[PDB]
2 protein chains.
Amino acid sequence: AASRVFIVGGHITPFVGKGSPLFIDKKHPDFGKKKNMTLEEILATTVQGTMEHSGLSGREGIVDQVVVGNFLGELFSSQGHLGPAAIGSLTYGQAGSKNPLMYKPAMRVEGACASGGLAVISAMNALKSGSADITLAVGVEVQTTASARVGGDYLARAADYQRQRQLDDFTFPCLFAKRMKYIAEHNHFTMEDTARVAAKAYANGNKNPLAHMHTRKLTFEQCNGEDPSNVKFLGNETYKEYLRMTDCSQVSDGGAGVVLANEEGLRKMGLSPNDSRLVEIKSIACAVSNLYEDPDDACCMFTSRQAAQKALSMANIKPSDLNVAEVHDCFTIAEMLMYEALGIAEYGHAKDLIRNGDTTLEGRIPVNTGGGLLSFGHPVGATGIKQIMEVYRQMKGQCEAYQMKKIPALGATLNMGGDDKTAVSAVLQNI
Amino acid sequence: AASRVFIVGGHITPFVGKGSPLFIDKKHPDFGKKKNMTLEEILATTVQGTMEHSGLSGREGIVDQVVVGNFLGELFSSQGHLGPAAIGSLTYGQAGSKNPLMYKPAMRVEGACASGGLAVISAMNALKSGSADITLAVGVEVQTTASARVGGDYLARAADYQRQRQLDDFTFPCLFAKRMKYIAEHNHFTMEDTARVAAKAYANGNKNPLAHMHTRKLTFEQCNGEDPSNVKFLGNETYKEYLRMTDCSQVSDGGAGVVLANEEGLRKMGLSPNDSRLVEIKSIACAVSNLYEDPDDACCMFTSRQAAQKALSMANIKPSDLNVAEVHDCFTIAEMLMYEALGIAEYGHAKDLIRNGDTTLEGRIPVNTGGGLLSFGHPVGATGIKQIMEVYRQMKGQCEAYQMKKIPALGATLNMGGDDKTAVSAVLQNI
């Protein structure tokens, strides 16, 4: 009865927002002449691309169900109910066309910035339960339709809003600035260390045409505050000094999709489980903590640590076995904590890794090889599936300018929601 | 083959809003002195009541996963991320208390007014997949924090918002008024038939202390428009004449929860699968259509029909085998169409059932025995789980003044999202 799950293929759209030449604003050659994609268009592009790149064009009816991850569509796009949006995504814009997805099951799932990861878990339950053999998991978000401050208030839906919205209009930046204060007070790592994380993300993004910040070049020195425009922007005076612009992930639009199959699903598609286009999901785990209460030790992401430890234990591997990882760098501060949650650094030693370059493209454990949430960008619902697909892409040699020289055999993802209140971690094995 | 799934117990809160003596407004003895429950409070009450009534007190750690159904908490309560809200619900308001739900998997699922039904399917996939043996599915909603018109706009998130919000502020009432015009043009049923649905709902709700409209008595004649206050309130002139106030489900706050177990889960609790406190979920099915396109025949809810047909076929029963049902009467008009989608009336014959009383408490197929969405009320995320629990309560003889005299052996639910764009249907078998 031991039922395995395979990534058959997937798709990542360019991630776009302010600072990307692909984002249309008063300044783009096409301003007034063309528009940025709507949520519906990103979803359509993501579903279509996922089917295309997974060998399902012309046989989309063998997909059993679709799970959508999305956090804030109801706010930014006035649109919930993305299940039936997904069902209409294959033929979006062609009135009355034949539609092989009609009447299949579909839903949206949500857990803040972990929504993409949750969509993958839900898809996997289906594949393991008798009810599906092939599933589509897609994550989409549009956040460019509101100002930075309105956006902050929207993202604050991930916080304990009643308790924490008062911190700052930029509620999440402030919650992480609050960690960094405590982190500095305990000498856990420094603001130079977090600058070094950004330097790496932006260098990696410069090699990735899909990255929101692909065209932006930043030195360590700029990331460390030697740039007048790298402002300490928070309003809350208690935490203001601990966060720079470059410490923050992007407000982005984008989508990512993956096709997941069990062994019967592979058979229906004419594939063997040893097919070299495949990657096996050896394990996936989810851990969720208490929205209403925060641990004292701001130097440890306990929930993320639990999810990663569960996933690694289920896959029967240790962190030192990992060859590549994607982690939830919603801030530079978060990336450092993620190294310790994943277990690739001991508590208090993420700083060793970032000072030695161990997580750069040339290091022994490259992390966020295409730019992370910092430079690739952070369309919240897409992020969890983008993580999975970036491990997949490295494993199949598809990353071009940021391709790892040594093709990774084992990889991990670690996707987080809110201030370490939801976490989803997967262990992937190259086939 | 697959593991069987059992309802072990569950909970329904009173559903409250304008017209309920339990709802605090400028007119309640406690106005200015006490407040209505927040979403967090409803969720706490619901999670605690569910554990309470499912024999899990003290041993809540044996629950493997929690799934929350909710539609619009991000709008009405500025709060998403209800997974970790649920984890914190067991001990809500007791700072630092020990919490056996810590680090369990949890998420929110969403498909408009089918969000509760989808929570149930999702929990069931977990039970069948190796990852859970006992699950908690809870559905909650708070909608009384905005006006009726704002509420209309928020509920329009269930529509194709870009395409359909233009119809009316009351977008869903208008979409169903639009069906009713077409229905009247094809003689499918009448506005007198839909008055009869309301009259039965309010009579049933008068026997149910949990019903939002428990204290409101309405004759058929009032429901049929012989009451000056029963107005045709829509703005859209094309559809305005086809919908009265009493045709509409309530804007309610409330929660419902259920504990679901597989065979191993029963064993862990000390229960045998023949225990007379249990109900078996013999089948559950989901069907989703295209958000962007509508079928011409407004007289058929094709999606709901597909879900019901799949569920009945999986359970190897016919509609005529059913002894009780709960259907999605978001309008009286919807109830009539639900009879035909469920298959207890043939196409064009729901009118025969409402005229002959077959779906009343004394009929051979009672439907919505406690008031339905019309009188019990409609906290959208709770509805789907409330349906399961109402069938359970009838089957176990717990409905008091609205208890069926002949205990039902077989029951069905049909939960719908939006304008028949998502449907979830379950076949329940009494033990």
Side-chain angles (χ1 to χ4, degrees), chain A residues 1 3 38 40 65-66 71-72 74-75 77-81 83-88 92 95-96 99 102-112 118 121-122 124-126 128-131 153 156-162 165 285-293 303 306 417-418 421-422, chain B residues 1-2 38 40 66 71-72 74-75 77-81 83-88 92 95-96 99 102-112 118 121-122 124-131 153 156-162 165 285-293 303 306 417-418 421-422:
Chain A
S3 208
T38 59
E40 301 94 319
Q65 66 178 70
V66 180
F71 185 24
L72 293 167
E74 60 270 60
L75 292 174
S77 293
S78 307
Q79 185 65 67
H81 216 184
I87 299 296
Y92 183 63
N99 178 3
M102 282 288 321
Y103 307 125
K104 289 178 183 301
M107 70 183 179
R108 185 262 290 226
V109 303
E110 182 268 300
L118 294 165
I121 292 179
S122 303
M124 288 176 65
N125 290 331
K128 290 182 189 298
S129 70
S131 65
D153 183 56
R157 267 60 171 180
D160 174 348
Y161 194 91
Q162 276 195 254
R165 173 55 180 90
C286 176
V288 183
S289 60
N290 187 339
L291 189 62
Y292 307 129
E293 293 196 353
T303 304
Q306 189 87 354
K421 303 304 191 187
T422 298
Chain B
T38 60
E40 299 94 319
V66 183
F71 186 26
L72 295 169
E74 295 188 6
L75 291 173
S77 292
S78 304
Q79 187 64 67
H81 215 183
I87 296 297
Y92 182 66
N99 176 4
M102 280 286 326
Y103 306 127
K104 288 177 184 300
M107 67 179 176
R108 187 263 287 221
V109 300
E110 183 268 300
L118 292 170
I121 291 174
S122 171
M124 291 177 62
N125 286 332
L127 293 172
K128 292 179 189 294
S129 74
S131 62
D153 178 65
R157 268 61 175 180
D160 175 351
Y161 192 89
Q162 280 196 254
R165 173 53 181 86
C286 175
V288 177
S289 60
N290 187 343
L291 188 57
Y292 308 127
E293 294 197 356
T303 307
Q306 280 275 120
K421 302 303 191 188
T422 296

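Every chain is numbered from 1 and lettered A, B, ... according to where its sequence line falls, protein lines coming before strand lines. Only this structure's heavy atoms are used, side chains among them; waters, hydrogens and symmetry mates stay out.
- Ranked by heavy-atom pairs under 4.5 Å with chain A, the first of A285(B), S77(B), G111(B), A86(B) is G111(B).
- Side-chain contact between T303(A) and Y103(B) is present, with at least one heavy-atom pair separated by less than 4.5 Å.
- The part of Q306(B) that comes within reach of chain A is its side chain, from C-beta onward, which places non-hydrogen atoms under 4.5 angstrom from that chain.
- Between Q162(B) and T38(A), the closest heavy-atom pair is OE1-CG2, 4.3 Å.
- Heavy-atom pairs under 4.5 Å with chain A peak, among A1(B), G88(B), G417(B), at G88(B).
- Every residue was checked against the ring-ring contact (aromatic ring centres under 6.0 Å, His included) condition with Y161(A), not counting sequence neighbours, and none meets it.
- Residues satisfying the ring-ring contact (aromatic ring centres under 6.0 Å, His included) test with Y292(B), not counting sequence neighbours, are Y92(A).
- Minimum interatomic distance between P105(A) and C286(B) (heavy atoms only, all atoms of both residues): CG-O, 3.5 Å.
- The CG atom of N125(B) sits 6.5 Å away from the CD atom of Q65(A) when rounded to the nearest 0.5 Å.
- Within the 4.5 angstrom heavy-atom criterion, only backbone atoms of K104(B) (N, CA, C, O) approach chain A.
- Counting heavy atoms from C-beta outward, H81(B) and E110(A) have side chains that approach closer than 4.5 Å.
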Residues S122(A), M107(B); criterion side-chain contact (heavy atoms from CB on, under 4.5 Å); working and verdict = CA-CA 10 Å; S122(A) 303; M107(B) 67 179 176; 3.3 Å; yes
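- No side-chain heavy atom of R108(B) sits under 4.5 Å from any side-chain heavy atom of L118(A).
- For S131(A), the part sitting under 4.5 Å from any heavy atom of chain B is the side chain, from C-beta outward, and nothing else.
- Annotation: maximal heavy-atom pairing with chain A below 4.5 Å, among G83(B), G80(B), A156(B), occurs at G80(B).
- Between chain A and the residues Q79(B), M124(B), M102(B), the most heavy-atom pairs under 4.5 angstrom are made by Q79(B).
- In this structure, the portions of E74(B) lying under 4.5 Å from any heavy atom of chain A include both its backbone and its side chain.
- Neither the backbone nor the side chain of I121(A) comes within contact range of chain B; no heavy atom of the residue lies under 4.5 Å from a heavy atom of that chain.
- Note: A158(B) leads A95(B), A158(B), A2(B) in heavy-atom pairs under 4.5 Å with chain A.
- To the nearest 0.5 Å, atoms CZ (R165(B)) and OG (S78(A)) are separated by 9.0 Å.
- Put simply, the side chain of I87(B) does not reach to within 4.5 Å of the side chain of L291(A), judged on heavy atoms.
- Using a 4.5 Å cut-off between heavy atoms, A159(B) contacts chain A through its backbone alone, with no side-chain atom that close.
- Taking both residues in full, the closest heavy atoms of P84(B) and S289(A) are given as CB-O, 3.1 Å, listed atom of the first, atom of the second, then distance.
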